[PDB]
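Source file: upload.csv; contents: CSV, C-alpha atoms.
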```csv
chain,number,residue,atom,x,y,z
A,1,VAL,CA,8.7,27.3,-40.4
A,2,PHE,CA,9.3,29.5,-37.4
A,3,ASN,CA,7.1,31.1,-34.7
A,4,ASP,CA,8.1,34.3,-32.8
A,5,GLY,CA,8.2,32.6,-29.4
A,6,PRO,CA,5.6,31.8,-26.7
A,7,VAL,CA,2.4,33.9,-26.7
A,8,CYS,CA,0.0,34.9,-23.8
A,9,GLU,CA,-3.5,33.4,-24.0
A,10,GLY,CA,-5.5,35.5,-26.5
A,11,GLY,CA,-2.4,37.0,-28.0
A,12,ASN,CA,-1.2,37.1,-31.6
A,13,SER,CA,1.9,35.5,-33.1
A,14,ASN,CA,4.0,36.1,-36.3
A,15,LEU,CA,5.0,33.1,-38.3
A,16,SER,CA,7.8,33.2,-40.7
A,17,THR,CA,9.7,31.3,-43.3
A,18,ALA,CA,12.4,31.4,-46.0
A,19,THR,CA,11.9,33.4,-49.2
A,20,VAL,CA,11.7,31.0,-52.2
A,21,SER,CA,12.0,32.5,-55.7
A,22,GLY,CA,9.1,31.6,-58.0
A,23,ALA,CA,7.0,30.3,-55.0
A,24,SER,CA,3.5,30.8,-53.9
A,25,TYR,CA,2.7,30.0,-50.3
A,26,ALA,CA,-0.2,28.2,-48.6
A,27,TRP,CA,-0.6,27.9,-44.9
A,28,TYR,CA,-3.1,25.4,-43.7
A,29,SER,CA,-4.9,25.0,-40.3
A,30,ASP,CA,-4.5,21.2,-40.1
A,31,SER,CA,-2.3,18.2,-41.1
A,32,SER,CA,-4.7,17.1,-43.8
A,33,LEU,CA,-4.2,20.4,-45.6
A,34,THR,CA,-7.9,20.8,-46.4
A,35,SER,CA,-8.4,24.2,-44.9
A,36,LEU,CA,-6.4,27.2,-46.1
A,37,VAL,CA,-5.8,30.1,-43.7
A,38,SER,CA,-3.2,32.3,-45.4
A,39,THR,CA,-1.1,32.8,-48.5
A,40,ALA,CA,1.3,35.3,-47.1
A,41,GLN,CA,5.0,34.6,-46.8
A,42,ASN,CA,4.9,35.6,-43.1
A,43,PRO,CA,1.3,35.5,-41.7
A,44,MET,CA,-0.1,36.3,-38.3
A,45,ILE,CA,-2.1,33.9,-36.2
A,46,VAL,CA,-4.7,36.0,-34.3
A,47,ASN,CA,-6.2,35.3,-30.9
A,48,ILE,CA,-4.4,32.1,-29.9
A,49,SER,CA,-6.0,30.5,-26.9
A,50,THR,CA,-4.0,27.2,-26.9
A,51,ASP,CA,-1.0,25.6,-28.4
A,52,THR,CA,-1.6,25.7,-32.2
A,53,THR,CA,0.1,24.3,-35.3
A,54,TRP,CA,0.1,25.7,-38.9
A,55,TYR,CA,1.3,23.8,-41.9
A,56,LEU,CA,3.1,25.3,-44.9
A,57,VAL,CA,3.2,24.2,-48.5
A,58,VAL,CA,5.5,26.0,-50.9
A,59,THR,CA,4.7,25.6,-54.6
A,60,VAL,CA,7.3,26.6,-57.1
A,61,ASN,CA,6.7,26.7,-60.9
A,62,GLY,CA,3.7,24.3,-60.3
A,63,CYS,CA,5.4,21.7,-58.0
A,64,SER,CA,4.4,21.5,-54.3
A,65,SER,CA,6.6,20.8,-51.3
A,66,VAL,CA,6.0,18.6,-48.4
A,67,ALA,CA,4.3,20.6,-45.7
A,68,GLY,CA,6.5,22.1,-43.1
A,69,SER,CA,5.0,23.1,-39.8
A,70,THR,CA,5.4,25.0,-36.5
A,71,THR,CA,3.8,25.1,-33.1
A,72,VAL,CA,3.1,28.3,-31.2
A,73,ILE,CA,3.2,27.7,-27.5
A,74,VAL,CA,0.9,29.5,-25.1
A,75,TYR,CA,2.3,30.6,-21.8
A,76,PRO,CA,0.4,29.2,-18.7
A,77,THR,CA,-2.0,31.5,-16.9
A,78,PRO,CA,-0.2,33.1,-13.9
A,79,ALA,CA,-1.3,32.1,-10.4
A,80,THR,CA,-3.9,34.0,-8.4
A,81,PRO,CA,-2.5,36.7,-6.1
A,82,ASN,CA,-2.3,36.3,-2.3
A,83,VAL,CA,-4.9,38.8,-1.3
A,84,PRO,CA,-6.0,38.8,2.4
A,85,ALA,CA,-9.1,37.5,4.1
A,86,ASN,CA,-12.3,39.6,4.5
A,87,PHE,CA,-11.8,42.2,7.0
A,88,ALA,CA,-13.5,44.9,8.9
A,89,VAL,CA,-12.6,48.5,9.7
A,90,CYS,CA,-14.4,50.9,12.0
A,91,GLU,CA,-15.2,54.4,10.7
A,92,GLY,CA,-12.2,56.6,11.2
A,93,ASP,CA,-9.8,53.7,11.2
A,94,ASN,CA,-7.5,52.6,8.4
A,95,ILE,CA,-8.0,50.2,5.5
A,96,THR,CA,-4.8,48.5,4.6
A,97,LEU,CA,-4.4,46.4,1.6
A,98,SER,CA,-1.4,44.3,0.6
A,99,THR,CA,-0.6,41.3,-1.6
A,100,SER,CA,1.9,38.7,-0.6
A,101,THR,CA,3.1,38.0,-4.2
A,102,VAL,CA,5.7,39.0,-6.7
A,103,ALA,CA,4.7,40.5,-10.1
A,104,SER,CA,6.0,42.7,-12.9
A,105,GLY,CA,3.1,44.9,-12.1
A,106,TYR,CA,0.0,44.9,-10.0
A,107,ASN,CA,-3.6,46.2,-10.8
A,108,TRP,CA,-5.9,47.1,-7.9
A,109,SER,CA,-9.4,48.6,-8.1
A,110,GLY,CA,-12.3,49.3,-5.8
A,111,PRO,CA,-14.9,51.6,-4.1
A,112,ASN,CA,-14.6,55.3,-4.4
A,113,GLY,CA,-12.4,55.0,-7.5
A,114,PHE,CA,-9.7,53.3,-5.5
A,115,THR,CA,-6.9,52.2,-7.7
A,116,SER,CA,-3.2,51.4,-7.5
A,117,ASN,CA,-0.4,49.6,-9.3
A,118,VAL,CA,1.7,48.3,-6.3
A,119,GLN,CA,1.8,45.5,-3.8
A,120,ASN,CA,1.3,47.9,-0.9
A,121,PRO,CA,-1.3,50.5,-1.9
A,122,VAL,CA,-1.7,53.8,-0.2
A,123,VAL,CA,-3.6,53.3,3.0
A,124,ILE,CA,-7.1,54.6,3.1
A,125,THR,CA,-7.1,56.7,6.3
A,126,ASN,CA,-10.2,58.0,8.0
A,127,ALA,CA,-12.1,55.2,6.4
A,128,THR,CA,-15.8,55.8,6.0
A,129,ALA,CA,-19.0,54.0,4.8
A,130,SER,CA,-18.3,54.8,1.2
A,131,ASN,CA,-15.0,52.8,1.4
A,132,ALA,CA,-17.0,49.6,2.1
A,133,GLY,CA,-17.1,47.2,-0.8
A,134,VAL,CA,-15.0,44.8,-2.8
A,135,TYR,CA,-11.4,45.4,-3.6
A,136,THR,CA,-10.2,43.5,-6.7
A,137,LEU,CA,-6.6,42.5,-7.7
A,138,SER,CA,-5.0,41.0,-10.8
A,139,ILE,CA,-1.3,40.8,-11.5
A,140,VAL,CA,1.0,40.7,-14.5
A,141,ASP,CA,3.7,38.1,-14.8
A,142,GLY,CA,7.3,38.5,-15.9
A,143,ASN,CA,6.4,37.9,-19.6
A,144,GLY,CA,3.4,40.3,-19.7
A,145,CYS,CA,0.6,37.7,-19.1
A,146,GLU,CA,-2.2,38.6,-16.7
A,147,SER,CA,-3.4,36.4,-13.9
A,148,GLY,CA,-7.1,35.9,-12.9
A,149,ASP,CA,-8.9,38.0,-10.4
A,150,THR,CA,-9.2,37.7,-6.6
A,151,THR,CA,-10.9,39.9,-4.1
A,152,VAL,CA,-11.1,41.0,-0.5
A,153,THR,CA,-14.4,42.3,0.9
A,154,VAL,CA,-14.1,45.3,3.3
A,155,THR,CA,-16.9,46.1,5.6
A,156,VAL,CA,-17.1,49.4,7.5
A,157,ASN,CA,-18.6,49.6,11.1
A,158,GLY,CA,-20.5,52.9,11.8
B,1,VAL,CA,-9.4,36.3,-50.4
B,2,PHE,CA,-8.9,37.1,-46.8
B,3,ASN,CA,-10.4,39.6,-44.3
B,4,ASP,CA,-8.5,40.9,-41.2
B,5,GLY,CA,-10.9,39.4,-38.7
B,6,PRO,CA,-14.2,40.5,-37.1
B,7,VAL,CA,-14.9,44.3,-37.1
B,8,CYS,CA,-17.1,46.4,-34.7
B,9,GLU,CA,-20.2,48.0,-36.1
B,10,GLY,CA,-19.1,51.0,-38.1
B,11,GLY,CA,-15.5,50.0,-38.3
B,12,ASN,CA,-13.2,49.4,-41.2
B,13,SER,CA,-11.6,46.3,-42.5
B,14,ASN,CA,-8.6,45.4,-44.7
B,15,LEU,CA,-9.1,42.8,-47.3
B,16,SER,CA,-6.1,41.1,-48.9
B,17,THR,CA,-5.1,38.6,-51.5
B,18,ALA,CA,-2.1,37.0,-53.3
B,19,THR,CA,0.1,38.9,-55.6
B,20,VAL,CA,-0.3,37.7,-59.2
B,21,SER,CA,2.2,38.8,-61.7
B,22,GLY,CA,0.7,40.5,-64.8
B,23,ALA,CA,-2.6,40.9,-63.0
B,24,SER,CA,-5.1,43.7,-62.6
B,25,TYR,CA,-7.6,43.4,-59.9
B,26,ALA,CA,-11.3,44.1,-59.6
B,27,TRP,CA,-13.3,43.9,-56.4
B,28,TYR,CA,-17.0,43.9,-56.8
B,29,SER,CA,-19.8,44.6,-54.3
B,30,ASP,CA,-22.1,41.7,-55.3
B,31,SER,CA,-22.2,38.2,-56.8
B,32,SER,CA,-23.3,39.4,-60.2
B,33,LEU,CA,-20.1,41.4,-60.5
B,34,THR,CA,-22.0,44.4,-61.9
B,35,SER,CA,-20.8,47.0,-59.4
B,36,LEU,CA,-17.1,47.7,-59.0
B,37,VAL,CA,-15.8,49.0,-55.7
B,38,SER,CA,-12.0,48.8,-55.9
B,39,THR,CA,-9.0,47.9,-58.1
B,40,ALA,CA,-6.4,47.7,-55.4
B,41,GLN,CA,-4.6,44.6,-54.5
B,42,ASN,CA,-5.5,45.0,-50.8
B,43,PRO,CA,-8.5,47.4,-50.4
B,44,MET,CA,-10.3,48.7,-47.3
B,45,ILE,CA,-14.0,48.4,-46.7
B,46,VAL,CA,-15.1,51.5,-44.9
B,47,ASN,CA,-18.0,51.8,-42.4
B,48,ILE,CA,-19.2,48.2,-42.2
B,49,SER,CA,-22.5,48.0,-40.4
B,50,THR,CA,-23.3,44.3,-41.1
B,51,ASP,CA,-21.7,41.2,-42.4
B,52,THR,CA,-20.6,42.0,-45.9
B,53,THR,CA,-19.0,40.1,-48.8
B,54,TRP,CA,-16.7,41.3,-51.6
B,55,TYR,CA,-15.9,39.4,-54.7
B,56,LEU,CA,-12.5,39.4,-56.5
B,57,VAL,CA,-11.7,38.9,-60.1
B,58,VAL,CA,-8.1,38.6,-61.2
B,59,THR,CA,-7.3,39.3,-64.8
B,60,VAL,CA,-4.0,38.3,-66.2
B,61,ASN,CA,-2.8,39.1,-69.7
B,62,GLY,CA,-6.4,39.6,-70.7
B,63,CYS,CA,-8.0,36.3,-69.1
B,64,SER,CA,-10.3,36.7,-66.1
B,65,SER,CA,-10.5,34.4,-63.1
B,66,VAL,CA,-13.5,33.0,-61.4
B,67,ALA,CA,-14.4,35.4,-58.7
B,68,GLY,CA,-13.1,34.6,-55.2
B,69,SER,CA,-14.7,36.1,-52.2
B,70,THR,CA,-14.6,36.9,-48.5
B,71,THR,CA,-17.0,37.8,-45.7
B,72,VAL,CA,-16.2,40.3,-43.0
B,73,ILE,CA,-18.1,39.5,-39.8
B,74,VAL,CA,-19.4,42.2,-37.6
B,75,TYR,CA,-19.1,41.7,-33.8
B,76,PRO,CA,-22.5,41.8,-31.9
B,77,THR,CA,-23.4,45.0,-30.0
B,78,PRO,CA,-22.3,44.5,-26.4
B,79,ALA,CA,-25.1,44.3,-23.8
B,80,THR,CA,-26.5,47.3,-21.9
B,81,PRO,CA,-24.8,48.0,-18.5
B,82,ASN,CA,-26.4,47.2,-15.2
B,83,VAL,CA,-27.0,50.7,-13.9
B,84,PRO,CA,-29.2,51.2,-10.8
B,85,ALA,CA,-32.8,52.5,-10.5
B,86,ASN,CA,-33.6,56.1,-10.1
B,87,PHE,CA,-32.7,57.4,-6.8
B,88,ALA,CA,-32.8,60.3,-4.5
B,89,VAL,CA,-30.3,62.0,-2.3
B,90,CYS,CA,-30.9,64.8,0.2
B,91,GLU,CA,-28.7,67.9,0.1
B,92,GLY,CA,-25.5,67.2,2.0
B,93,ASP,CA,-25.7,63.4,1.6
B,94,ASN,CA,-23.8,61.2,-0.9
B,95,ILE,CA,-24.5,60.2,-4.5
B,96,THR,CA,-23.1,56.8,-5.1
B,97,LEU,CA,-22.9,55.3,-8.5
B,98,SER,CA,-21.9,51.8,-9.5
B,99,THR,CA,-22.4,49.4,-12.4
B,100,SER,CA,-22.8,45.7,-11.8
B,101,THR,CA,-21.1,44.6,-15.0
B,102,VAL,CA,-17.7,43.7,-16.4
B,103,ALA,CA,-16.0,45.7,-19.1
B,104,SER,CA,-12.6,46.5,-20.6
B,105,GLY,CA,-13.4,50.1,-19.8
B,106,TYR,CA,-16.3,52.2,-18.6
B,107,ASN,CA,-17.5,55.6,-19.7
B,108,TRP,CA,-19.6,57.7,-17.3
B,109,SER,CA,-20.9,61.3,-17.7
B,110,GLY,CA,-23.2,63.7,-16.0
B,111,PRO,CA,-24.2,67.0,-14.3
B,112,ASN,CA,-21.5,69.3,-13.2
B,113,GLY,CA,-19.0,67.8,-15.6
B,114,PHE,CA,-19.1,64.5,-13.8
B,115,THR,CA,-17.1,61.9,-15.5
B,116,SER,CA,-15.2,58.7,-14.7
B,117,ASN,CA,-13.9,55.6,-16.4
B,118,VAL,CA,-14.6,52.9,-13.6
B,119,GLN,CA,-17.3,50.6,-12.3
B,120,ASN,CA,-17.3,52.4,-9.0
B,121,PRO,CA,-16.9,56.2,-9.6
B,122,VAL,CA,-15.7,58.6,-6.9
B,123,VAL,CA,-18.6,59.3,-4.6
B,124,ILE,CA,-20.1,62.8,-4.9
B,125,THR,CA,-20.1,63.9,-1.3
B,126,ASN,CA,-22.0,66.9,0.1
B,127,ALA,CA,-24.4,66.5,-2.8
B,128,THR,CA,-26.2,69.7,-3.9
B,129,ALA,CA,-28.9,70.8,-6.2
B,130,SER,CA,-26.5,71.2,-9.1
B,131,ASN,CA,-25.7,67.4,-8.9
B,132,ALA,CA,-29.3,66.6,-9.8
B,133,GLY,CA,-29.8,65.3,-13.3
B,134,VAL,CA,-29.1,62.3,-15.5
B,135,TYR,CA,-26.0,60.2,-15.2
B,136,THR,CA,-25.2,58.2,-18.4
B,137,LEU,CA,-23.1,55.1,-18.9
B,138,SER,CA,-21.8,53.1,-21.8
B,139,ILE,CA,-19.1,50.4,-21.7
B,140,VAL,CA,-16.5,48.9,-23.9
B,141,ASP,CA,-16.3,45.1,-24.5
B,142,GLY,CA,-13.2,42.9,-24.6
B,143,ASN,CA,-12.7,43.5,-28.3
B,144,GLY,CA,-13.1,47.3,-28.2
B,145,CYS,CA,-16.8,47.5,-29.3
B,146,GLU,CA,-19.0,50.0,-27.4
B,147,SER,CA,-22.4,49.1,-25.9
B,148,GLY,CA,-25.5,51.3,-26.0
B,149,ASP,CA,-26.4,53.8,-23.4
B,150,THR,CA,-28.3,53.5,-20.1
B,151,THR,CA,-29.1,56.1,-17.5
B,152,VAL,CA,-29.9,56.7,-13.8
B,153,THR,CA,-31.8,59.8,-12.8
B,154,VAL,CA,-30.7,61.4,-9.6
B,155,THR,CA,-32.9,63.9,-7.8
B,156,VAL,CA,-31.8,66.1,-5.0
B,157,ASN,CA,-34.1,67.0,-2.0
B,158,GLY,CA,-33.5,70.5,-0.6
```
Would you write the structure of this file as structure tokens?
Amino acid sequence: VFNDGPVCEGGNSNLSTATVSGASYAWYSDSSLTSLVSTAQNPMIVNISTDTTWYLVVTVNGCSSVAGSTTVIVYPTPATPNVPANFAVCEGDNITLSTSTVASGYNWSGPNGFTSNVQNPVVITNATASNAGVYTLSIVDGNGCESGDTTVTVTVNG
Amino acid sequence: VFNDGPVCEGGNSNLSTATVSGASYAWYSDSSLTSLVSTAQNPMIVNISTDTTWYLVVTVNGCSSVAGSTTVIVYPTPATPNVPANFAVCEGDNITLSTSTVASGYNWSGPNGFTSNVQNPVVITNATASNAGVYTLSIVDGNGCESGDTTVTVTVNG
């Protein structure tokens, strides 16, 4: 029984096996084989949060096999981004954001619809009161998994 | 008999079963098996509003099986967004909108064609009489289901 490689938390994975003529298949959720989850030759496991194992029994012309099995491995949650400490800008001055980390992609969001997908976002010049608020960042790792969130609070001095 | 997982209110779901040689299939809407809804091997249930169960009878070479069955679960309606209380802006001042909630996506709409898909929409500066009206928000949950609507009324003082 084979998996399709490591999966991100909450992702899906495609299990697969050999084609056996005259066979019916039964995939079970546990080692006791008391809970059936699929009868497909190559079923999908949906919404995997942790390492999980499915067991397979192949029955041919009425005779059942010894259950085979496979484990789908979940890729560790990526580390929190290195976002700066709370800062302050005076009206008319610049708000500069940056993250001291390395990612396959970055995802920033904030006040006034601010958004960017880089480590060094376009500087908010002529900063004003409406730019005050919380700027949030998550990042994506090399294999597509998303990190948790971290924030910097920006205050604006009149 | 298997479903394809939880479905959003009003969504569709794909039912599936094993292939049985020489079989015809009959899917029924209730436990009494008096109302036939499909003869497909893997039929779709369309427009599911609540948890629903279909029953399956497999007939092979004239002999019928005991009906199998499966339930399709409907995902609860997401909670109403935390939109602010009615406010007032004077002409020339700013209209700031925000929602204190967390969503996979946001959907704002309002006067003058106002629209955005964020928690913190671009601020309407130099607000005028035409910006007065009702600003509406719905949100989308982690699994794609949409919440109900909530509104903030904005009045503009000449």
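Proximity ranking of A:12, A:80, A:69, A:19 relative to residue 148 (chain A) places A:80 first, based on all atoms listed in the file.
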*In Å, how far is it from CA of residue 70 (chain A) to CA of residue 32 (chain A)?*
14.8 Å
Would you give me, as CSV, each residue of chain B having an atom within 7 Å of an atom of chain A, along with its shortest atom pair and that distance in Å to one decimal, using all atoms listed in the file and sorting by chain and residue number?
```
residue,atom,partner,partner_atom,distance
B:18,CA,A:39,CA,6.5
B:118,CA,A:113,CA,6.8
B:120,CA,A:111,CA,5.5
B:121,CA,A:113,CA,5.1
B:122,CA,A:112,CA,4.3
B:123,CA,A:112,CA,5.7
```
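The space between CA of residue 72 (chain A) and CA of residue 33 (chain A) spans 18.0 Å.
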_With all atoms listed in the file as the counted atoms, please give the residues lying no more than 7 Å from residue 152 (chain A), apart from itself and same-chain residues fewer than 6 positions off, as a PyMOL selection string._
chain A and resi 83-86+134-136
*Mind listing as JSON, numbers by chain all residues within 6 Å of (-27.8, 67.0, -2.4), counting all atoms listed in the file?*
{"B": [89, 90, 91, 92, 93, 127, 128, 129, 156]}
*d(CA of residue 13 (chain A), CA of residue 147 (chain A)) in Å*: 19.9 Å
As a PDB file, keeping the file's coordinate frame, please: region 89-106 of chain A completed to N, CA and C atoms.
```pdb
ATOM      1  N   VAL A  89     -13.188  47.288   9.216  1.00  0.00           N
ATOM      2  CA  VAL A  89     -12.600  48.500   9.700  1.00  0.00           C
ATOM      3  C   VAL A  89     -13.723  49.305  10.361  1.00  0.00           C
ATOM      4  N   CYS A  90     -13.423  50.056  11.406  1.00  0.00           N
ATOM      5  CA  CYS A  90     -14.400  50.900  12.000  1.00  0.00           C
ATOM      6  C   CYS A  90     -14.294  52.300  11.391  1.00  0.00           C
ATOM      7  N   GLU A  91     -15.383  53.056  11.321  1.00  0.00           N
ATOM      8  CA  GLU A  91     -15.200  54.400  10.700  1.00  0.00           C
ATOM      9  C   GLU A  91     -14.208  55.195  11.480  1.00  0.00           C
ATOM     10  N   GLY A  92     -13.339  55.836  10.706  1.00  0.00           N
ATOM     11  CA  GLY A  92     -12.200  56.600  11.200  1.00  0.00           C
ATOM     12  C   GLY A  92     -10.918  55.912  11.237  1.00  0.00           C
ATOM     13  N   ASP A  93     -10.943  54.583  11.179  1.00  0.00           N
ATOM     14  CA  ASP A  93      -9.800  53.700  11.200  1.00  0.00           C
ATOM     15  C   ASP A  93      -9.210  53.529   9.829  1.00  0.00           C
ATOM     16  N   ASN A  94      -8.129  52.766   9.685  1.00  0.00           N
ATOM     17  CA  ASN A  94      -7.500  52.600   8.400  1.00  0.00           C
ATOM     18  C   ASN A  94      -7.874  51.299   7.663  1.00  0.00           C
ATOM     19  N   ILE A  95      -7.913  51.358   6.334  1.00  0.00           N
ATOM     20  CA  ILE A  95      -8.000  50.200   5.500  1.00  0.00           C
ATOM     21  C   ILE A  95      -6.692  49.919   4.864  1.00  0.00           C
ATOM     22  N   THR A  96      -6.070  48.815   5.191  1.00  0.00           N
ATOM     23  CA  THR A  96      -4.800  48.500   4.600  1.00  0.00           C
ATOM     24  C   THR A  96      -4.889  47.345   3.718  1.00  0.00           C
ATOM     25  N   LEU A  97      -4.335  47.476   2.541  1.00  0.00           N
ATOM     26  CA  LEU A  97      -4.400  46.400   1.600  1.00  0.00           C
ATOM     27  C   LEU A  97      -2.944  46.002   1.280  1.00  0.00           C
ATOM     28  N   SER A  98      -2.734  44.733   0.993  1.00  0.00           N
ATOM     29  CA  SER A  98      -1.400  44.300   0.600  1.00  0.00           C
ATOM     30  C   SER A  98      -1.565  42.990  -0.143  1.00  0.00           C
ATOM     31  N   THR A  99      -0.592  42.650  -0.975  1.00  0.00           N
ATOM     32  CA  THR A  99      -0.600  41.300  -1.600  1.00  0.00           C
ATOM     33  C   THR A  99       0.725  40.650  -1.367  1.00  0.00           C
ATOM     34  N   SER A 100       0.700  39.441  -0.835  1.00  0.00           N
ATOM     35  CA  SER A 100       1.900  38.700  -0.600  1.00  0.00           C
ATOM     36  C   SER A 100       2.404  37.952  -1.842  1.00  0.00           C
ATOM     37  N   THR A 101       2.629  38.662  -2.947  1.00  0.00           N
ATOM     38  CA  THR A 101       3.100  38.000  -4.200  1.00  0.00           C
ATOM     39  C   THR A 101       4.102  38.837  -4.900  1.00  0.00           C
ATOM     40  N   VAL A 102       4.682  38.282  -5.949  1.00  0.00           N
ATOM     41  CA  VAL A 102       5.700  39.000  -6.700  1.00  0.00           C
ATOM     42  C   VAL A 102       5.236  39.059  -8.167  1.00  0.00           C
ATOM     43  N   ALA A 103       5.242  40.251  -8.747  1.00  0.00           N
ATOM     44  CA  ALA A 103       4.700  40.500 -10.100  1.00  0.00           C
ATOM     45  C   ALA A 103       5.500  41.592 -10.754  1.00  0.00           C
ATOM     46  N   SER A 104       5.366  41.661 -12.071  1.00  0.00           N
ATOM     47  CA  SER A 104       6.000  42.700 -12.900  1.00  0.00           C
ATOM     48  C   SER A 104       5.212  43.960 -12.834  1.00  0.00           C
ATOM     49  N   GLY A 105       4.024  43.866 -12.274  1.00  0.00           N
ATOM     50  CA  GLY A 105       3.100  44.900 -12.100  1.00  0.00           C
ATOM     51  C   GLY A 105       1.839  44.414 -11.448  1.00  0.00           C
ATOM     52  N   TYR A 106       1.152  45.260 -10.713  1.00  0.00           N
ATOM     53  CA  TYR A 106       0.000  44.900 -10.000  1.00  0.00           C
ATOM     54  C   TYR A 106      -1.154  45.821 -10.483  1.00  0.00           C
TER      55      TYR A 106
END
```
